[PDB]
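1. got an experimental structure here, sequence first:
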Amino acid sequence: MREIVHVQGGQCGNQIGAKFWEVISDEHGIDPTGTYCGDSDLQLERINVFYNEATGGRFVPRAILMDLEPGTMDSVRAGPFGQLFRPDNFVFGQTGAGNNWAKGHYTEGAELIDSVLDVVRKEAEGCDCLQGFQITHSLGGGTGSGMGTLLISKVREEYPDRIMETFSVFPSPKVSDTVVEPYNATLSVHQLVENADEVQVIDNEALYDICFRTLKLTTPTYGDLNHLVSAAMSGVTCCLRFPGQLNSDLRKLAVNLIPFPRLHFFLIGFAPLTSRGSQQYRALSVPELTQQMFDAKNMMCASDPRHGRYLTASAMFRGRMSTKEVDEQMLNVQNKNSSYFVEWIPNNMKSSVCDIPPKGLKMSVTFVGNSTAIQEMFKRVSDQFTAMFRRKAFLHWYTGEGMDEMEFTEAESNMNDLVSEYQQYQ
Amino acid sequence: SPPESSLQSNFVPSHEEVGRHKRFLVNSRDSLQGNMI
Amino acid sequence: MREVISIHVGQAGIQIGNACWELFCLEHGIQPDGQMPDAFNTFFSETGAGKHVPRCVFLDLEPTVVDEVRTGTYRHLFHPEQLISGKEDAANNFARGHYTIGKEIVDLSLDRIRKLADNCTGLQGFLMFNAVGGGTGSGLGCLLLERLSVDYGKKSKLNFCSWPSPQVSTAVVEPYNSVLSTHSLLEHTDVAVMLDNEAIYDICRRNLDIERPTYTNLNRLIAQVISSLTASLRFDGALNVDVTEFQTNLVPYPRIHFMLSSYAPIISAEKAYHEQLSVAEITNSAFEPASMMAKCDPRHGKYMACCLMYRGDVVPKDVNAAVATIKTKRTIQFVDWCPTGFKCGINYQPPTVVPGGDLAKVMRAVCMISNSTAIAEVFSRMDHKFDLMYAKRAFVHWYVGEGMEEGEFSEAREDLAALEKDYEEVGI
Amino acid sequence: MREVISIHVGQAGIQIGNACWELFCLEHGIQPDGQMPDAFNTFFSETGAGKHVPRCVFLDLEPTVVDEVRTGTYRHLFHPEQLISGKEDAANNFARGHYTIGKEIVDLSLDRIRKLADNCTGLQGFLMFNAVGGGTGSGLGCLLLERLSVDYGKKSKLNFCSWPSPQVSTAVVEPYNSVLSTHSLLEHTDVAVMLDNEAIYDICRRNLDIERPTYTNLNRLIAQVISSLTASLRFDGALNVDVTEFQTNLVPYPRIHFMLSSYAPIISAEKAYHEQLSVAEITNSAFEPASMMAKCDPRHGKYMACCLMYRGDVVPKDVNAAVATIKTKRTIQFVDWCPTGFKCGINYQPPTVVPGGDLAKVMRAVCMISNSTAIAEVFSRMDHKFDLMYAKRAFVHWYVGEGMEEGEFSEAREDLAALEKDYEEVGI
Amino acid sequence: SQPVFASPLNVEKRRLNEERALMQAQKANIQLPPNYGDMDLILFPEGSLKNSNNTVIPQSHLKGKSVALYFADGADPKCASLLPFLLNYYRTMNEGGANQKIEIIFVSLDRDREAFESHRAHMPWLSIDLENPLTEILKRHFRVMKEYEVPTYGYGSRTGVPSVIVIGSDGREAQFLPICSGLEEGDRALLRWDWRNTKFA
Amino acid sequence: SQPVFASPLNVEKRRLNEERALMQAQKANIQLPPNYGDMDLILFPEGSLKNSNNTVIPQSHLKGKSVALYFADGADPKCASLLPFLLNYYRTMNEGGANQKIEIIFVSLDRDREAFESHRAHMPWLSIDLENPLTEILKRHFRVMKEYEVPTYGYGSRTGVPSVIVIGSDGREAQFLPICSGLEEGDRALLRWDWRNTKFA
Ligand SMILES: Nc1nc2c(ncn2[C@@H]2O[C@H](COP(=O)(O)OP(=O)(O)OP(=O)(O)O)[C@@H](O)[C@H]2O)c(=O)[nH]1
Ligand SMILES: Nc1nc2c(ncn2[C@@H]2O[C@H](COP(=O)(O)OP(=O)(O)OP(=O)(O)O)[C@@H](O)[C@H]2O)c(=O)[nH]1
Ligand SMILES: Nc1nc2c(ncn2[C@@H]2O[C@H](COP(=O)(O)OP(=O)(O)O)[C@@H](O)[C@H]2O)c(=O)[nH]1
Ligand SMILES: [Mg+2]
Ligand SMILES: [Mg+2]
């Protein structure tokens, strides 16, 4: 049946990918040694959506691990659930991109392109046909952004009609390391606006906020934020893996949420999210599941949606549920927040129901939403890019590896058109 | 064995065919000239 | 002899169909294996040791609901290629239903229909169940009706398509999918009967006081409706109602066949222990606008024709006393060119209750299907929220870039606008 | 009194003889030693104390498939010298397989075909199962058909030739071997029947739903074809069809002796008890164009004869009733000089299902052999493939230096085009 | 003698069943050694079968049921994949009917004692324990071996673990469901268990 | 075989019915295995049901009832919330009429003996002591689970504690009362308890 092919680039993609397959195998009851435990039909009826049998009964993820520095490949393999992947899908670079777009996209990212497209074709053409691609990478550095988005382009002259999930993390608004942030971010953005079917963004300071005030963690590490993102990873895709009263998939999401092909940017979120002692104190029912969901703190983006206007929206659902009250509360939030939704699309909400909850929960929700409030955070990337551009700073790292000046000017003009078309829909 | 003859010497069929019915539910009715109970 | 073929396109058709056939199996006595521990002929076939296999096809472009029926309880009741499945979902798109995926599944679909129809003469018609808001229920649902008119011309084709609500629709591009399905089924559907999900939600909340039921509880109530329509086809009764006068009694003009429904009594066991169930009040409940089946208010709609299907221990005397009461009643107004307005059909079999369901064991019931002018408003709200979103090219690039050209939207727009003018002209 | 002699050449012929005699032993009660714990007289001969012995020759110049048969389970059933083995492979070469390496095995094969057909007079005919694309299946098959024609000219020459598919050809020199073989298949073969591999591949893929089938499952289906072929010859029936009836009812011109084949029902246990496989539901699937066993699409061809043979508890009432609806449907069509085109045979004994195979225990079955104008297409792409690769002398040196001469290819090209001019001459 | 000649079940079948043939010949023209279809054996002794409530049922209870063996191993990943769908096919087959149709007897290819109870706690059908010699003579009769450690008498491994073997009252190989064979129909081969025809009687 | 094929009370059923059906088979065309309609169990034995003040109460005291089974835990606050609601309902239903209509059989999930006596003292209906194997042979039969600890044969989580299960004569699930189910509707689903159709015969 349908198989989605997973692609992880950058050191961020290696460890969000490891936490991804830790949660997906936790849902599917898969031992890290490759076997299956759980004696349940409904796990194993959709395994080919993410795994492949290996003539010993063991399941290998159809994921590709990608970096130019094997330090992050070593950390993935040595940890738990690192003996699940094949070692052939780990493509190794030995030089490493030092937070340079030109190093990972044009000069030293290029020699690893032909060694990884045949890895993509190994299982994309290894099946009869695939449902789509699911790439997740980083834009703050070089080996995630330049290598990742060049992979996005080269798989579209081969698979033009196939869907393109991209989970791209964005530079920090407030406390940013990697002092060359904005060049790598902007060089990603004007390239991905024409060759990504749907972009759905993540910000680390939003995940810090979730771990702080709605989870109350005194010391959240990077794996805690990775578990938050990985929960939204299984949420957007489990409607294929499990049945439900109202089935959906990723092509369901793209056609319902993209009225215009130049705008495909989304907020991401996941609920319920309760603290240590408040897990037994709080009711778990669909009125409050939606009431927490459409809040500024719940989103995994550095954008306040109340400043913007929800253009199109979609929340999937999981678990033992009931079908009017999943829907009429999307009516309720459309009727109270009548100023937070656009008026020239009637009933801006997509609702889908999956009958399987995640492990440990009995109902849950994963909301993606094409909001125009994301324009607020292309602006802070853009005006910090052009503040450093007129200074003529740090472009000798970029033009010393075979990049023209005029591609940077095309970066500013394309993102200026991106924010201009989002503004007039408000 | 070939299929057997389905006609007697009287020259008439040998076995009936049950007609395609309609799940007959009866109706209790009788009236006029005493008109019962 | 008599046989009727049921077609279910889309996963809305699947979920309405599994509950529709589990009632038929409990109505005739078919175990989940297809054995009878003779009216099965009009819905269940035969193949030796009681094997009463079904006469229904189950179309879906995605497999995620069809093969879990194969995994579920009803494996060996259904013939395995009667359950027909593709690989990829149409995903709320008329173009994805027609020109890219549906062209490869419709050849095997009509192959199965042809084999399942040529088994015995006596085919009354086709019962279509679909979702007009969906992608395969509307797109592939259209192309099946195109290929059924080209070969099976003079056969009746009933329709029960789930129209979306003004409020609960769970999609955004159902303005596109629904009004392209109208351009299908004004000229291909013989009798169209309208359905709506909140019009079943508000019946479940009020008439049974069930605060949290699901999609499957809607499917029992509609299964009782279709079983009541085929009550006279299978069981015996005083007034026989087969399919040929659902159209010649309810359709006065060939472009006027969109019509409404209602079911009564919908009463739980805890309310049937106090209310007496008389024939006079069950049809009075079937005339209430709040008891309606597709959320179409009949105070501003004007009843051209009606059909009543009494099922149970209904004496014909109080049939005629109750229907004389509604002619006296002023708030249900009828048309001056159709002074008579009623076709009545009595069947002696009581309604079959499902254990573990929502309904109780009642001794009498009504299934009312009424063609009224009130169907003008369910398309006028379709007018308002189509032009409100078509005006700025939203969600158009998905359709135009996938086979179908710009301009078919405008002629389907003029099609339902012509339907608006037809209903206004007949309602004078 | 009455006997039939089967002849198998090539590796394909040997294992197609293993399947049809795994079946014939299983229906006649023949253990692999031949001991019963008079209808057997066609395929088995009484030898000694209750032993029944095969009536065939197994022919192959390479030992690699035949000597593994004589070390198998059926090794004390077969006579050792009926299985005749060579020493070296013909190796896809008509020149070696006819002239060079095939001349020292014909003297043993004609000795055994004499010693097997001289025990009783009134021999019913010879059957031939050859691989057209093979080396010894084409070369040795041609020369021994030539020698059995000069010896026994007035006896029937059946042939079920396994043809290469348009896309499945599993070698490279199938244009040379098949075109050279059909030069003599035209001239001294009384009956020719095409068994294309990919057609039977597809039939197992959708009807029996095996998506990894092997040459075993291919071979069982031919075994069912030959079993319902000679069912009327072995057992009694309502209406006998002899092997002499075949050419008199399917061959109106001596050059046109190339017909088709189809077997239905080929349902699987799971799908079996789900259909009333009736004398019609099974004759409609027998005439289905995709149920063809040689992938010759007949919608662009005109039927010029057809023979149907029913096998089971078949009443001829619905034989005549179902064949009338075959005659009336316009998707099928007959050439106007045969207003009737139907020869029927009826056998009472039902087919016997092999354990662990892929069929099911089916009470009634149909095998249908049709002559058509649609044989012109299997030779028309044969024209394309041969000229496309004969153009620049490819693989010619394996034939010229190994026995034949430059010019055999030109006349084998010429007489197949003469077959095409003859077939379209029928086709007006 | 079927399907194999070199198996401990069938050589004990031969030894026992012409044992009483000499005895009744001395007591009495009789045809010795008796024919294969005339041969009748016991397949499961009095204290062999064991249902989920840890009580014993003799072989006579299975008559009229399409019974099939099930060779499985706890650590094998293929076996842990066949176990849920075999449980579901054992479930929905019999629930959707008015008559018990299929039955499964479990034979173990597992290392030791405590690992067997963990695997046996998951299925609801019959089972045979390791220390019974009936398990040893069963997979040496149907030739179900994960590896060649026992010397097989000219054969090969007929099938790999896991496998379900539709059996008869004479130990007959009725049909093979192709999980690990030349068809290699994993996860779907089950949809071919003719519940009829094959009927341990 | 209702409602669960893998039920252990139901395999305790089958061992008995085609035990004695083999006995009429050998004493005398009898259908083995017998059809699903015709097995007759005994659900509550002579020493299982206890009434108030602990006297023996047998199964013959239950004809004409609508009998439902009250799974409960003493320290579960869900059972604590619903217990006074069902005390009031069991009073007015079973007193307000011309017949003694409904009946509740208590089945325990308590920690120990002290937890059993404390919770029993607030229930006036019938009950089952925890030391009986009846409380475990029936808990798996009607699919009632506290958490996933007892090894199951591929069930689901039909209900959590508490649960009221209206039953029939042969262990058939008459109709579920959805206090905590897919309906998720609290402390009013006991009003859905019909009694005319769900008669213990
Ligand atoms: N009454 C009822 N309506 C349903 C049901 N399932 C889906 N629907 C309706 O169908 C709409 C969504 O479209 P679907 O039916 O799921 O999609 P589809 O018609 O199968 O076509 P695809 O989108 O390509 O899958 C919802 O808004 C519902 O109104 C159901 O089980 N019962
Ligand atoms: N119908 C059918 N045809 C087969 C089968 N196996 C092989 N063939 C045909 O045999 C052809 C190849 O020739 P072989 O039968 O393998 O070999 P051969 O007939 O002994 O002649 P050589 O090639 O010289 O060895 C292929 O093109 C197939 O079409 C089979 O199982 N069934
Ligand atoms: N979402 C997410 N972001 C991360 C994670 N680890 C690091 N980052 C961000 O990624 C940036 C570091 O870029 P990096 O991947 O090291 O550069 P690269 O190796 O050249 O791609 C920092 O700004 C971090 O905020 C993670 O686990 N998840
Ligand atoms: Mg769709
Ligand atoms: Mg050859």
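-> Looks like it came in fine. Numbers count the residues shown, from 1 in each chain, chains lettered A, B, ... in the order given. Ligands and ions are numbered 1, 2, ... in the order given.
2. so how many other residues sit close to residue 265?
-> I went with chain A, as the question did not name one. Look at residue A:265: counted by other C-beta atoms under 10 Å in any protein chain shown, it has 26 neighbours. Backbone N, C-alpha and C define where each C-beta goes, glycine included.
3. looking at chain C here, not the other one
-> Neighbourhood size, residue C:265 [other C-beta under 10 Å]: 22.
4. check contacts around the closest residue to residue C:70 other than its chain neighbours.
-> Nearest-residue entry for residue C:70: residue C:83, 6.3 Å, with adjacent residues in sequence omitted and distances by C-beta to C-beta, 6 or more residues apart in numbering or on different chains. By C-beta atoms under 8 Å, 6 or more residues apart in numbering or on different chains, the contact list for residue C:83 reads C:58, C:66-67, C:69-70.
5. what about residue A:73, how many residues nearby?
-> Neighbour number of residue A:73 under other C-beta under 10 Å is 21.
6. A helix includes it, no?
-> Yes - counting by DSSP: H, G, I helix; E, B strand; the rest coil, residue A:73 is found in a helix.
7. which residue packs closest to it, ignoring adjacent ones?
-> Excluding the flanking residues, the one nearest residue A:73 by C-beta to C-beta, 6+ apart is residue A:90, at 5.3 Å.
8. ok, that neighbour touching residue A:65?
-> Yes - the criterion here is C-beta atoms under 8 Å, and residue A:90 meets it with residue A:65 at 4.7 Å.
9. shared neighbours of the two, anything?
-> Counting by C-beta under 8 Å, 6+ apart, the residues touching both residue A:90 and residue A:65 are residue A:73.
10. which of those two has more residues huddled nearby?
-> With neighbours defined as other C-beta under 10 Å, residue A:90 and residue A:65 compare such that residue A:65 has more, 27 against 19.
11. quick check, central residue of chain A?
-> Geometric centre of chain A, nearest residue: residue A:167, 2.2 Å, by C-alpha atoms, centre = their mean.
12. just checking, that residue touches residue A:196?
-> No - the pair residue A:167 / residue A:196 is not scored as a contact, 10.7 Å apart, by C-beta under 8 Å.
13. quick one: the strands in the chain?
-> Because you didn't say which chain, this covers chain A. Using DSSP state E, the strands assigned to chain A run over residues A:4-9, A:51-53, A:59-61, A:63-67, A:90-92, A:132-138, A:163-170, A:198-200, A:202-203, A:265-268, A:310-319, A:349-354, A:363-371.
14. that's the other chain; I wanted chain E
-> Counting by DSSP E, residue ranges of the strands within chain E are E:66-72, E:102-108, E:126-127, E:163-166, E:175-176.
15. can you tell which of those strands is closest to residue D:407?
-> Between residue D:407 and these, the shortest separation by C-beta to C-beta is 54.5 Å, and it involves strand E:175-176.
16. circling back: residue C:131 is nearest to which of the strands of chain E?
-> With distances scored as C-beta to C-beta, the stretch of the strands of chain E nearest to residue C:131 is strand E:102-108 (37.4 Å).
17. CA atoms of that closest one as PDB?
-> Extracted in PDB, the C-alpha atoms of strand E:102-108 (Å, rounded to 0.1, in the frame of the first residue of the first chain):
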ATOM      1  CA  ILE E 102     -11.800 -23.900  12.900                       C
ATOM      2  CA  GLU E 103      -9.400 -24.900  15.700                       C
ATOM      3  CA  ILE E 104      -5.600 -24.400  16.200                       C
ATOM      4  CA  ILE E 105      -3.200 -26.700  18.100                       C
ATOM      5  CA  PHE E 106       0.100 -25.000  19.100                       C
ATOM      6  CA  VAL E 107       3.500 -26.800  18.700                       C
ATOM      7  CA  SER E 108       6.500 -25.000  20.100                       C
END
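18. and the contacts of that strand?
-> Strand E:102-108 is contacted from outside by E:44, E:49, E:62, E:65-73, E:86, E:89-90, E:93-94, E:116, E:119-120, E:123, E:125-130, E:135, E:138-139, E:144, E:164, E:193, E:195, E:200, using C-beta under 8 Å, 6+ apart.
19. what is the burial count for the residue in chain E positioned nearest to ligand 2?
-> Nearest to ligand 2 in chain E, going by C-beta to the nearest ligand atom, is residue E:182, at a distance of 14.0 Å. Using other C-beta under 10 Å, residue E:182 is surrounded by 11 other residues.
20. mind checking how far it is from residue E:159?
-> Per C-beta to C-beta, to the nearest Å, residue E:182 is found 10 Å from residue E:159.
21. let me have the strands of chain E in a markdown table, extended by mean neighbour count and distance to residue C:25.
-> As requested, those are arranged in a markdown table below (neighbours: other C-beta atoms under 10 Å in any protein chain shown; distance: least, C-beta to C-beta, whole Å):
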| stretch | mean neighbour count | distance to residue C:25 |
| --- | --- | --- |
| strand E:66-72 | 23 | 23 |
| strand E:102-108 | 20 | 21 |
| strand E:126-127 | 22 | 31 |
| strand E:163-166 | 25 | 29 |
| strand E:175-176 | 19 | 29 |
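22. from residue C:294, how far off is the residue nearest in space to the middle of chain C?
-> In chain C, the residue lying closest to the centroid (C-alpha atoms, centre = their mean) is residue C:160, at 2.2 Å. Going from residue C:160 to residue C:294 by C-beta to C-beta gives 10 Å.
23. phi, psi of residue C:181?
-> In terms of degrees, to the nearest 10, the main-chain angles of residue C:181 are phi -80, psi -20.
24. shouldn't it be in contact with residue C:138?
-> Yes - here residue C:181 reaches residue C:138: they are 4.3 Å apart, a contact under C-beta under 8 Å.
25. not counting sequence-adjacent ones, nearest residue to residue C:65?
-> residue C:11 (4.4 Å).
26. for stretch A:333-351, which positions count as buried?
-> Residues A:333-334, A:340-342, A:345-351 are the ones in stretch A:333-351 that count as buried (16 or more other C-beta atoms under 10 Å in any protein chain shown).
27. one more: stretch A:214-229?
-> For stretch A:214-229, the neighbour count (16+ other C-beta under 10 Å) marks A:214-215, A:220, A:224-229 as buried.
28. residue contacts, residue A:203?
-> Residue A:203 sits next to A:169-170, A:172-173, A:300-303, A:377 when contact means C-beta under 8 Å, 6+ apart.
29. from ligand 5, how far off is it?
-> Remark: distance between residue A:203 and ligand 5 (C-beta to the ion, to the nearest Å) = 71 Å.
30. so what's the residue count around the spatially closest residue to that residue that is not a sequence neighbour?
-> Excluding its sequence neighbours, the residue lying closest to residue A:203 (C-beta to C-beta, 6+ apart) is residue A:302, at 3.9 Å. The tally of other residues near residue A:302 (other C-beta under 10 Å) stands at 22.
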